[PDB]
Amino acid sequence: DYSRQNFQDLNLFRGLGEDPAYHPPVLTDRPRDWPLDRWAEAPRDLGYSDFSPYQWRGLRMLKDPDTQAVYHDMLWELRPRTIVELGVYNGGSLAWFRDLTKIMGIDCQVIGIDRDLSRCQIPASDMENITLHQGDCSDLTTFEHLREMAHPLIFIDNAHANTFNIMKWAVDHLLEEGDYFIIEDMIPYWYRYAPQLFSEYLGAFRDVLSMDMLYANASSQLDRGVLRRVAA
């Protein structure tokens, strides 16, 4: 029935899905064990929904395998001492960045920054190398607090509110040479909707930032949003 129900806002779920806990996909319309003597007879598509079906030790990943492939290459090149996500959801990306700099012999500090850090599904006792922080984007004191951080640094942006003042402040009071400011997912959508202003705003950074063309065309998500600092 409809007349006895109250509905949520499914907008809260965009680019995220329902639940930050991992769901292990199950098959509906086929047996896991397909009989081999009917090999050709078996269906070729997935079996389940390919929305965001990507995990890391039972923790959901918002970055697809290609975006992972990029971040791996980038990490192995820069040996980044600090990696700062800005937008956390379930924390999987944080548990990845840690687990990865670890086997790379990079002693790295991974920092999450979300105003709501309650969706984090990481075990209490898996949090070696990590520092969370609560703070809204429209206030720049949030980011000052972490200025005595080792370099090289990679600032990823995954909320993307007040991003441009965060960039202006970054350049003016944080990024050393060849540190990465990365805007994930949205940059093309800003050029879709607002071409005149975007091309002005980005174009203002002409002399301090620049797109890194090794990584910038190498994944759907990072497409055209990977930046770093120059000498000037």
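From 1 onward, residues are counted along the sequence shown.
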Practice prompt. Name the higher of the two by mean Cα B-factor in the PDB entry, 53 to 61 versus 192 to 200.
Written response: 53 to 61
Fill in: Average Cα temperature factor in the PDB entry - higher stretch of 179 to 187, 26 to 34
26 to 34
Item to complete: Return the residue from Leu86, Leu75, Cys108, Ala161 that has the highest Cα B-factor in the entry.
Response: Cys108
Worksheet entry | Chain-relative CA temperature factor third for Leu12 | middle
Response to the item:
Of the three thirds of the chain ranked by Cα temperature factor, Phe97 occupies the middle
Item to complete: Looking at the entry's B-factor column for C-alpha atoms only, identify whether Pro80 ranks in the lowest, middle or highest third of its chain.
Response: lowest
Practice prompt. Relative to the other modelled residues of the same chain, rank the CA B-factor of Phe155 and answer lowest, middle or highest third.
Written response: middle
